[PDB]
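Student: can't give you the sequence, but here's the structure:
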Ligand SMILES: O=C(Nc1ccc(C(=O)N[C@@H]2c3cccc(O)c3C[C@@H]2C(=O)O)c(Cl)c1)NC1CC1
């Protein structure tokens, strides 16, 4: 049993809810919140901008030190950093950004990072300002992630379309 509340069950291991991932993280304080990161960990907008703002820019400060030491992530890759006031840990995962021409096949590799964590609160990778089709992202999620994932979808219209179109 866990504290995630009000989710629709899509599969054995994937759950979904119309929710602001920032508000959901503050309320549950999950072991892992996933950030929709880029390779430079520049958390300017979208989910990343929102999570970073909620940490009062502490996420960005930590991220800048990470990059200065380690260099950029790979598209499809991830790193574990602090969850600050939102979670124990933040898993920064880089999905391909279609508005940069990145290969959408890398979306499966991106979701594979979730399998290293038993339970996660997460957004749909490559959705929103990353330009991919969220219906496709949900399908890849369900077909790739085997651990327990609680997806937060900010837009109510999109959430309903995601639920109503789910096979
Ligand atoms: O600002 C926030 N939260 C907060 C949450 C999410 C997002 C976000 O980018 N959402 C994206 C979105 C929007 C439209 C269509 C989409 O396919 C997607 C994918 C992604 C998602 O829904 O995961 C943002 Cl900007 C802010 N909280 C402060 C108190 C105000």
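Tutor: Arrived safely. Numbering: from 1, shown residues only.
Student: Check the protein for its longest helix and report it.
Tutor: Ordering each helix of the chain by length in residues (DSSP state H) puts helix 58-70 first.
Student: In that helix, which residues are buried?
Tutor: Buried residues in helix 58-70, counted by 16 or more other CB atoms under 10 Å: 59, 60, 62, 63, 66. Backbone N, C-alpha and C define where each C-beta goes, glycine included.
Student: And these, which is closest to residue 150?
Tutor: Distance to residue 150 across those (CB to CB) is lowest for residue 59, with 20.1 Å.
Student: Tell me where this protein has strands.
Tutor: 8-9, 14-18, 32-36, 78-82, 89-93, 119-122, 148-153 (DSSP state E).
Student: okay, the ones you listed, which one's buried deepest?
Tutor: strand 32-36 (a mean of 28; mean count of other CB atoms under 10 Å).
Student: dump the residue contacts of residue 146.
Tutor: 13, 115 (CB atoms under 8 Å, 6 or more residues apart in numbering).
Student: and it, how far is that from the ligand?
Tutor: 21 Å (CB to the nearest ligand atom, to the nearest Å).
Student: List the contacts of stretch 79-89.
Tutor: 22, 25-26, 29-33, 41, 51, 54-55, 58-59, 62-63, 66, 70, 73, 90-92, 121.
Student: and the ligand, which of those residues contact it?
Tutor: Applying CB under 6 Å from any ligand atom, the subset of the contacts of stretch 79-89 adjacent to the ligand comprises residue 22.
Student: circling back to that earlier point, format the strands of the chain as TSV; extra columns: distance to residue 133.
Tutor: Shown next, in TSV, are those (distance: least, CB to CB, whole Å):
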stretch	distance to residue 133
strand 8-9	20
strand 14-18	16
strand 32-36	15
strand 78-82	22
strand 89-93	18
strand 119-122	17
strand 148-153	14
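Student: Please report how far residue 159 lies from the ligand.
Tutor: 9 Å.
Student: residues touching that residue, list them.
Tutor: Residue 159 neighbours (CB under 8 Å, 6+ apart): 16, 17, 18, 153.
Student: same for the ligand: which of the residues you listed are within range?
Tutor: Answer for the contacts of residue 159 near the ligand (CB under 6 Å from any ligand atom): residue 153.
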